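What's in run16.cif: mmCIF, N, CA and C atoms
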data_run
#
loop_
_atom_site.label_atom_id
_atom_site.label_comp_id
_atom_site.auth_asym_id
_atom_site.auth_seq_id
_atom_site.Cartn_x
_atom_site.Cartn_y
_atom_site.Cartn_z
N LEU P 132 72.65 34.27 -1.39
CA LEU P 132 73.99 34.23 -1.95
C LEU P 132 74.01 33.46 -3.26
N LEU P 133 72.85 33.23 -3.86
CA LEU P 133 72.72 32.47 -5.09
C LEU P 133 73.07 33.31 -6.30
N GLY P 134 73.76 32.71 -7.26
CA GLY P 134 74.27 33.45 -8.42
C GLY P 134 75.52 34.23 -8.09
N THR P 135 75.46 35.02 -7.03
CA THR P 135 76.63 35.63 -6.43
C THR P 135 77.40 34.58 -5.65
N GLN P 136 78.27 35.04 -4.78
CA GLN P 136 79.56 34.42 -4.78
C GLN P 136 79.72 33.10 -4.06
N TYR P 137 79.58 33.01 -2.74
CA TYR P 137 80.18 31.84 -2.10
C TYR P 137 79.39 30.56 -2.21
N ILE P 138 78.10 30.60 -2.49
CA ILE P 138 77.29 29.53 -1.94
C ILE P 138 77.40 28.27 -2.78
N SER P 139 77.85 28.38 -4.04
CA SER P 139 78.32 27.26 -4.85
C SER P 139 77.28 26.18 -5.05
N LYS P 140 76.31 26.40 -5.93
CA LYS P 140 74.93 25.90 -5.95
C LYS P 140 74.69 24.54 -5.30
N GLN P 141 75.64 23.61 -5.43
CA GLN P 141 75.52 22.33 -4.75
C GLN P 141 75.52 22.48 -3.23
N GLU P 142 76.40 23.31 -2.67
CA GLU P 142 76.37 23.53 -1.23
C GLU P 142 75.13 24.30 -0.81
N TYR P 143 74.54 25.05 -1.73
CA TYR P 143 73.19 25.53 -1.50
C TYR P 143 72.19 24.40 -1.61
N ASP P 144 72.34 23.57 -2.63
CA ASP P 144 71.33 22.55 -2.87
C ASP P 144 71.48 21.41 -1.88
N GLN P 145 72.61 21.36 -1.18
CA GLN P 145 72.72 20.50 -0.02
C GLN P 145 71.92 21.06 1.15
N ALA P 146 71.74 22.38 1.20
CA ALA P 146 70.83 22.92 2.19
C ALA P 146 69.40 22.87 1.71
N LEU P 147 69.17 23.02 0.41
CA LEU P 147 67.81 22.93 -0.11
C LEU P 147 67.33 21.48 -0.11
N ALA P 148 68.25 20.53 -0.02
CA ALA P 148 67.88 19.24 0.54
C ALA P 148 67.30 19.43 1.92
N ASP P 149 68.13 19.91 2.84
CA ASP P 149 67.85 19.83 4.27
C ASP P 149 66.64 20.67 4.67
N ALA P 150 66.27 21.68 3.90
CA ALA P 150 64.99 22.31 4.17
C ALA P 150 63.85 21.42 3.73
N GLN P 151 63.85 21.06 2.45
CA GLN P 151 62.84 20.18 1.88
C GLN P 151 62.82 18.82 2.54
N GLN P 152 63.95 18.37 3.07
CA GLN P 152 64.01 17.08 3.74
C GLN P 152 63.51 17.15 5.16
N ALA P 153 63.81 18.23 5.89
CA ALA P 153 63.35 18.29 7.27
C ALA P 153 61.97 18.91 7.40
N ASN P 154 61.51 19.66 6.39
CA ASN P 154 60.09 20.00 6.36
C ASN P 154 59.25 18.76 6.09
N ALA P 155 59.81 17.80 5.36
CA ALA P 155 59.17 16.51 5.21
C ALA P 155 59.15 15.76 6.53
N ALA P 156 60.15 15.98 7.38
CA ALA P 156 60.15 15.37 8.70
C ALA P 156 59.06 15.97 9.57
N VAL P 157 58.74 17.24 9.36
CA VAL P 157 57.58 17.84 10.02
C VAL P 157 56.31 17.15 9.58
N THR P 158 56.17 16.93 8.27
CA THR P 158 55.00 16.26 7.71
C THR P 158 54.89 14.83 8.22
N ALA P 159 56.02 14.22 8.57
CA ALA P 159 55.96 12.99 9.34
C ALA P 159 55.43 13.24 10.74
N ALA P 160 55.93 14.27 11.41
CA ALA P 160 55.58 14.42 12.82
C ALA P 160 54.24 15.11 13.00
N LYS P 161 53.91 16.06 12.13
CA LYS P 161 52.61 16.73 12.20
C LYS P 161 51.48 15.75 11.91
N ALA P 162 51.75 14.72 11.11
CA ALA P 162 50.79 13.64 10.98
C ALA P 162 50.91 12.67 12.15
N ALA P 163 52.10 12.53 12.72
CA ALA P 163 52.23 11.70 13.91
C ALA P 163 51.60 12.36 15.12
N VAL P 164 51.42 13.67 15.09
CA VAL P 164 50.52 14.30 16.04
C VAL P 164 49.08 14.01 15.66
N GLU P 165 48.75 14.14 14.38
CA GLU P 165 47.37 13.94 13.95
C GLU P 165 46.94 12.49 14.07
N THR P 166 47.89 11.56 14.08
CA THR P 166 47.58 10.23 14.58
C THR P 166 47.25 10.27 16.06
N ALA P 167 48.13 10.84 16.87
CA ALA P 167 47.93 10.80 18.31
C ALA P 167 47.05 11.94 18.80
N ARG P 168 46.49 12.73 17.89
CA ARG P 168 45.38 13.59 18.28
C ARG P 168 44.07 12.84 18.13
N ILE P 169 43.99 11.95 17.15
CA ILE P 169 42.79 11.14 16.98
C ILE P 169 42.94 9.84 17.75
N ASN P 170 43.83 9.81 18.72
CA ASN P 170 43.73 8.92 19.86
C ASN P 170 43.59 9.67 21.16
N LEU P 171 43.42 10.99 21.12
CA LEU P 171 43.24 11.78 22.33
C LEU P 171 41.85 12.36 22.44
N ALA P 172 41.43 13.15 21.45
CA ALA P 172 40.08 13.69 21.37
C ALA P 172 39.10 12.69 20.78
N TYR P 173 39.45 11.42 20.86
CA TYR P 173 38.83 10.29 20.20
C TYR P 173 38.13 9.45 21.24
N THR P 174 37.57 10.17 22.21
CA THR P 174 37.00 9.64 23.45
C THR P 174 35.70 10.40 23.76
N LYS P 175 34.53 9.79 23.56
CA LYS P 175 34.13 8.92 22.45
C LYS P 175 32.94 9.49 21.72
N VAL P 176 31.92 9.75 22.56
CA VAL P 176 30.52 9.95 22.18
C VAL P 176 30.36 11.03 21.10
N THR P 177 29.38 10.86 20.21
CA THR P 177 28.82 9.56 19.89
C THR P 177 29.62 9.07 18.75
N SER P 178 29.26 7.89 18.32
CA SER P 178 29.58 7.52 16.97
C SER P 178 28.81 8.45 16.04
N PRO P 179 29.37 8.83 14.89
CA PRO P 179 28.82 9.95 14.10
C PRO P 179 27.37 9.90 13.61
N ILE P 180 26.56 8.96 14.08
CA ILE P 180 25.13 9.13 13.88
C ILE P 180 24.67 10.17 14.87
N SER P 181 23.49 10.73 14.64
CA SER P 181 22.85 11.63 15.57
C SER P 181 21.48 11.06 15.87
N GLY P 182 21.21 10.79 17.13
CA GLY P 182 19.93 10.20 17.47
C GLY P 182 19.79 10.06 18.95
N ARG P 183 18.97 9.10 19.35
CA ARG P 183 18.62 8.93 20.75
C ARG P 183 19.47 7.87 21.41
N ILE P 184 20.17 8.27 22.45
CA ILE P 184 21.07 7.40 23.18
C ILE P 184 20.27 6.60 24.18
N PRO Y 38 -4.86 -73.45 -15.82
CA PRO Y 38 -4.91 -72.09 -15.27
C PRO Y 38 -4.59 -71.01 -16.30
N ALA Y 39 -5.46 -70.00 -16.40
CA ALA Y 39 -5.21 -68.85 -17.27
C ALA Y 39 -4.30 -67.87 -16.55
N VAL Y 40 -3.04 -67.82 -16.96
CA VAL Y 40 -1.99 -67.14 -16.22
C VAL Y 40 -1.36 -66.09 -17.13
N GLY Y 41 -1.67 -64.82 -16.87
CA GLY Y 41 -1.03 -63.75 -17.61
C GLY Y 41 0.43 -63.66 -17.22
N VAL Y 42 1.29 -63.59 -18.23
CA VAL Y 42 2.73 -63.76 -18.07
C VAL Y 42 3.42 -62.65 -18.84
N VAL Y 43 4.47 -62.08 -18.26
CA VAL Y 43 5.18 -60.96 -18.87
C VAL Y 43 6.57 -61.40 -19.31
N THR Y 44 6.86 -61.19 -20.59
CA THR Y 44 8.16 -61.45 -21.17
C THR Y 44 9.00 -60.18 -21.12
N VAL Y 45 10.21 -60.31 -20.58
CA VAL Y 45 10.99 -59.15 -20.15
C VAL Y 45 11.71 -58.54 -21.34
N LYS Y 46 11.31 -57.33 -21.72
CA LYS Y 46 12.08 -56.49 -22.63
C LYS Y 46 12.83 -55.50 -21.76
N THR Y 47 14.13 -55.39 -21.98
CA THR Y 47 15.01 -54.98 -20.90
C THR Y 47 15.59 -53.58 -21.05
N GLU Y 48 16.29 -53.32 -22.15
CA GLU Y 48 17.51 -52.51 -22.13
C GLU Y 48 17.51 -51.06 -21.54
N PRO Y 49 16.67 -50.12 -22.00
CA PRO Y 49 16.89 -48.73 -21.58
C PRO Y 49 16.36 -48.49 -20.18
N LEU Y 50 17.14 -47.74 -19.39
CA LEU Y 50 16.72 -47.38 -18.03
C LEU Y 50 17.48 -46.13 -17.61
N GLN Y 51 16.82 -44.98 -17.70
CA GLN Y 51 17.37 -43.76 -17.13
C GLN Y 51 17.24 -43.84 -15.61
N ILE Y 52 18.36 -43.89 -14.90
CA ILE Y 52 18.32 -43.83 -13.44
C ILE Y 52 18.75 -42.45 -12.99
N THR Y 53 17.84 -41.76 -12.30
CA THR Y 53 18.09 -40.44 -11.77
C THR Y 53 17.90 -40.53 -10.28
N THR Y 54 18.90 -40.13 -9.53
CA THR Y 54 18.83 -40.14 -8.08
C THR Y 54 18.42 -38.74 -7.66
N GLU Y 55 17.18 -38.58 -7.22
CA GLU Y 55 16.70 -37.29 -6.75
C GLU Y 55 16.98 -37.20 -5.26
N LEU Y 56 17.57 -36.08 -4.85
CA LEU Y 56 18.26 -36.04 -3.56
C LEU Y 56 18.57 -34.58 -3.22
N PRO Y 57 18.53 -34.21 -1.94
CA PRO Y 57 18.30 -32.81 -1.54
C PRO Y 57 19.46 -31.84 -1.58
N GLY Y 58 19.60 -31.14 -2.70
CA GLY Y 58 20.58 -30.07 -2.76
C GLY Y 58 20.27 -28.92 -1.82
N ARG Y 59 21.32 -28.21 -1.43
CA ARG Y 59 21.27 -27.12 -0.45
C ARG Y 59 22.03 -25.96 -1.07
N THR Y 60 21.35 -25.15 -1.87
CA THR Y 60 22.01 -24.23 -2.78
C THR Y 60 22.74 -23.10 -2.09
N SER Y 61 23.82 -22.65 -2.70
CA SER Y 61 24.70 -21.64 -2.16
C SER Y 61 25.23 -20.76 -3.28
N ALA Y 62 25.56 -19.52 -2.94
CA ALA Y 62 25.98 -18.53 -3.90
C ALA Y 62 27.35 -18.88 -4.46
N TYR Y 63 27.68 -18.31 -5.61
CA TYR Y 63 28.88 -18.73 -6.32
C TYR Y 63 30.13 -18.07 -5.74
N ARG Y 64 30.02 -16.82 -5.33
CA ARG Y 64 31.00 -16.18 -4.46
C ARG Y 64 30.24 -15.57 -3.31
N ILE Y 65 30.45 -16.08 -2.10
CA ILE Y 65 29.72 -15.52 -0.97
C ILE Y 65 30.38 -14.21 -0.64
N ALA Y 66 31.66 -14.24 -0.26
CA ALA Y 66 32.52 -13.06 -0.14
C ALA Y 66 31.97 -12.02 0.85
N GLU Y 67 31.94 -12.41 2.11
CA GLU Y 67 31.46 -11.50 3.14
C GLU Y 67 32.42 -10.35 3.33
N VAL Y 68 31.93 -9.13 3.12
CA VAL Y 68 32.77 -7.95 3.17
C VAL Y 68 33.12 -7.69 4.63
N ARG Y 69 34.34 -8.03 5.00
CA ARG Y 69 34.82 -7.86 6.35
C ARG Y 69 35.76 -6.68 6.26
N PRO Y 70 35.79 -5.77 7.22
CA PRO Y 70 36.62 -4.58 7.07
C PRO Y 70 38.09 -4.93 7.23
N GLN Y 71 38.90 -4.49 6.28
CA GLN Y 71 40.32 -4.83 6.34
C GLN Y 71 41.03 -4.02 7.40
N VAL Y 72 40.40 -2.96 7.89
CA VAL Y 72 41.06 -1.86 8.58
C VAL Y 72 40.07 -1.25 9.55
N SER Y 73 40.48 -1.08 10.80
CA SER Y 73 39.60 -0.68 11.88
C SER Y 73 39.14 0.77 11.71
N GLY Y 74 38.13 1.14 12.48
CA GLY Y 74 37.62 2.50 12.46
C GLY Y 74 36.11 2.56 12.51
N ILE Y 75 35.55 3.75 12.73
CA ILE Y 75 34.11 3.96 12.76
C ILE Y 75 33.60 3.92 11.33
N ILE Y 76 32.48 3.25 11.09
CA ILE Y 76 31.88 3.26 9.76
C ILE Y 76 31.24 4.61 9.51
N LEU Y 77 31.89 5.45 8.72
CA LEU Y 77 31.53 6.86 8.70
C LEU Y 77 30.26 7.12 7.90
N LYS Y 78 30.14 6.52 6.71
CA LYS Y 78 28.95 6.66 5.89
C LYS Y 78 28.88 5.50 4.92
#

How does this structure look as structure tokens?
Amino acid sequence: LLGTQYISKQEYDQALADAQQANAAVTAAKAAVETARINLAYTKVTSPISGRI
Amino acid sequence: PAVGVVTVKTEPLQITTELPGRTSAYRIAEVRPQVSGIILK
């Protein structure tokens, strides 16, 4: 509805806030998974050397 | 009695106290990790 009639660019850009703002909230949570994924599959062996245990 | 005798000429005397220094580096600065984790490489 951009350029055409109702959306009244600020009321659009108030939503283009909320997309760009809540996709940023995903980037918070998708990294908050990637934090708590590297406390889940982070068990243990080995430490990243390769050799004889 | 033939007595050899010393007349005291006095003034200069460098006094140096030699004594056991225990040398140490100027900045030791042991690299301690600021942040936990596996040492990757």

Interface residues on chain P facing chain Y, 8 Å, all atoms listed in the file, written as a PyMOL selection string: chain P and resi 178-180

For atom CA of residue P:147 and atom CA of residue P:134, the interatomic separation in Å (one decimal):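 Separation of atom CA of residue P:147 and atom CA of residue P:134: 14.9 Å.
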
Between atom CA of residue P:151 and atom C of residue P:138 - distance in Å to one decimal: 17.3 Å

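Note that atom CA of residue P:153 and atom CA of residue P:139 are 21.2 Å apart.
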
Secondary structure check, alpha helix (DSSP H) residues of chain P, as a PyMOL selection string: chain P and resi 141-168

Could you dump the residues just selected with N, CA and C atoms as a compact mmCIF listing (two decimals), keeping the file's coordinate frame?
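Output saved as part_37.txt:
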# COMPACT_ATOMS: atom_id res chain seq x y z
N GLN P 141 75.64 23.61 -5.43
CA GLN P 141 75.52 22.33 -4.75
C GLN P 141 75.52 22.48 -3.23
N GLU P 142 76.40 23.31 -2.67
CA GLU P 142 76.37 23.53 -1.23
C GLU P 142 75.13 24.30 -0.81
N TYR P 143 74.54 25.05 -1.73
CA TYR P 143 73.19 25.53 -1.50
C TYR P 143 72.19 24.40 -1.61
N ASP P 144 72.34 23.57 -2.63
CA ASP P 144 71.33 22.55 -2.87
C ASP P 144 71.48 21.41 -1.88
N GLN P 145 72.61 21.36 -1.18
CA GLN P 145 72.72 20.50 -0.02
C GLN P 145 71.92 21.06 1.15
N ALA P 146 71.74 22.38 1.20
CA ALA P 146 70.83 22.92 2.19
C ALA P 146 69.40 22.87 1.71
N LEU P 147 69.17 23.02 0.41
CA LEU P 147 67.81 22.93 -0.11
C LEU P 147 67.33 21.48 -0.11
N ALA P 148 68.25 20.53 -0.02
CA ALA P 148 67.88 19.24 0.54
C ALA P 148 67.30 19.43 1.92
N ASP P 149 68.13 19.91 2.84
CA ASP P 149 67.85 19.83 4.27
C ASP P 149 66.64 20.67 4.67
N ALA P 150 66.27 21.68 3.90
CA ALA P 150 64.99 22.31 4.17
C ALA P 150 63.85 21.42 3.73
N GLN P 151 63.85 21.06 2.45
CA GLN P 151 62.84 20.18 1.88
C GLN P 151 62.82 18.82 2.54
N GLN P 152 63.95 18.37 3.07
CA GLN P 152 64.01 17.08 3.74
C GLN P 152 63.51 17.15 5.16
N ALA P 153 63.81 18.23 5.89
CA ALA P 153 63.35 18.29 7.27
C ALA P 153 61.97 18.91 7.40
N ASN P 154 61.51 19.66 6.39
CA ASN P 154 60.09 20.00 6.36
C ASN P 154 59.25 18.76 6.09
N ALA P 155 59.81 17.80 5.36
CA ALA P 155 59.17 16.51 5.21
C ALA P 155 59.15 15.76 6.53
N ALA P 156 60.15 15.98 7.38
CA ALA P 156 60.15 15.37 8.70
C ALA P 156 59.06 15.97 9.57
N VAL P 157 58.74 17.24 9.36
CA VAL P 157 57.58 17.84 10.02
C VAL P 157 56.31 17.15 9.58
N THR P 158 56.17 16.93 8.27
CA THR P 158 55.00 16.26 7.71
C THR P 158 54.89 14.83 8.22
N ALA P 159 56.02 14.22 8.57
CA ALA P 159 55.96 12.99 9.34
C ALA P 159 55.43 13.24 10.74
N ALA P 160 55.93 14.27 11.41
CA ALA P 160 55.58 14.42 12.82
C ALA P 160 54.24 15.11 13.00
N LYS P 161 53.91 16.06 12.13
CA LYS P 161 52.61 16.73 12.20
C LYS P 161 51.48 15.75 11.91
N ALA P 162 51.75 14.72 11.11
CA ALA P 162 50.79 13.64 10.98
C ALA P 162 50.91 12.67 12.15
N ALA P 163 52.10 12.53 12.72
CA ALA P 163 52.23 11.70 13.91
C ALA P 163 51.60 12.36 15.12
N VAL P 164 51.42 13.67 15.09
CA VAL P 164 50.52 14.30 16.04
C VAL P 164 49.08 14.01 15.66
N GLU P 165 48.75 14.14 14.38
CA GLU P 165 47.37 13.94 13.95
C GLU P 165 46.94 12.49 14.07
N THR P 166 47.89 11.56 14.08
CA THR P 166 47.58 10.23 14.58
C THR P 166 47.25 10.27 16.06
N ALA P 167 48.13 10.84 16.87
CA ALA P 167 47.93 10.80 18.31
C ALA P 167 47.05 11.94 18.80
N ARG P 168 46.49 12.73 17.89
CA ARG P 168 45.38 13.59 18.28
C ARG P 168 44.07 12.84 18.13

How big is the axis-aligned box, and where does its centre sit, when it encloses all atoms of stretch 46-55 of chain Y listed in the file and has 6 Å added on every side, reported in Å to one decimal as JSON?
{"center_x": 15.1, "center_y": -47.3, "center_z": -13.9, "size_x": 19.6, "size_y": 32.1, "size_z": 29.4}
